[PDB]
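Residue strings, one per chain:
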Amino acid sequence: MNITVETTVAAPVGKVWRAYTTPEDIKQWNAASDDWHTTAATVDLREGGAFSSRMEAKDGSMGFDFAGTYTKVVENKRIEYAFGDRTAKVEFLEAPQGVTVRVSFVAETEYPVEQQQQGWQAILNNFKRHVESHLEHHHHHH
């Protein structure tokens, strides 16, 4: 069972790539909902590097650590990693309207597929907006 969740960000892949790899920005979007929030994020970007992001809920009970190893890293194109016993590949599809972040991951069948899918979809929605709100707009200057 493989779930594919995707969403198009109106920002260039150059920024999307770094927003998905920089721990400081990751902890800003690493949440399925506002009910969740990231306390800490350690991400080593390299083939053989590992990431561990701490997603905890503000309800006080729910909380877990999301850790995985980057087996294959293609800069500004595709991120193929294995998290625990599962594996997922994040592909950045370059569209004329922006970059479609396509995440195809292995999912259990004994677990509610919809729950897993919408969970990642919700995260993608948060990620999407974080990148699009990260787009600064001044009279150039910066």
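As recorded in the PDB header, solution NMR is the method behind this entry.

## Some points on the environment of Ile 123
Secondary-structure assignment places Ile 123 in helix α3 (residues 113-133). Here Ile 123 falls in the buried class, since its relative accessible area comes to 16%. In the structure, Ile 123 is positioned 37 residues away from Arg 86 in sequence and 18 Å away in space, judged by C-alpha atoms. Once residues lying within four places of it in the same chain are set aside, the contact partners of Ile 123 are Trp 29, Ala 31, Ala 32 and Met 55.

## Concerning the sheet that holds strand β1 (residues 2-9)
Here 7 strands make up an open sheet; going across it, the order is β1-β7-β6-β5-β4-β3-β2 and the pairing antiparallel. Every interior strand has two partners, whereas the edge strands, β1 and β2 (36-43), have only one. Strand-to-strand twist across the sheet, computed as the mean angle between neighbouring axes with direction ignored, equals 25°. Two strands pair when backbone bridges link them, and strand β6 (residues 86-95) and strand β7 (residues 98-106) are joined in this way by 8 bridges, in the antiparallel orientation. Bridge pairing in β7 links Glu 91 to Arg 102.

## Observations regarding the pattern of salt bridges
Within this structure, the stated rule accounts for 9 salt bridges. Between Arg 86 and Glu 108 there is a salt bridge, with its nearest N and O atoms 2.7 Å apart. Here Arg 86 is found in strand β6, whereas its partner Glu 108 is found in the loop between β7 and α3, with 22 residues between them in sequence. Assessed through its relative accessible area of 29%, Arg 86 is described here as partly exposed. Through salt bridges with shared partners, one network takes in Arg 78, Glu 80, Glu 91 and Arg 102.

Rules and cut-offs
Residues numbered from 1 in each chain as written, not as in the entry; some residues may be left out. Heavy atoms only, no water. Helix = DSSP H or I, 4+ residues; strand = E, 2+ residues; numbered from the N terminus. Buried < 20%, exposed > 50% of the residue type's maximum accessible area, 1.4 Å probe, protein only. Contact = heavy atoms within 4.5 Å. Pairing = 2+ DSSP bridges. Axes fitted to C-alpha atoms, helices over the stretch in contact; angles between N-to-C directions. Salt bridge = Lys/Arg side-chain N within 4 Å of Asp/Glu carboxyl O.

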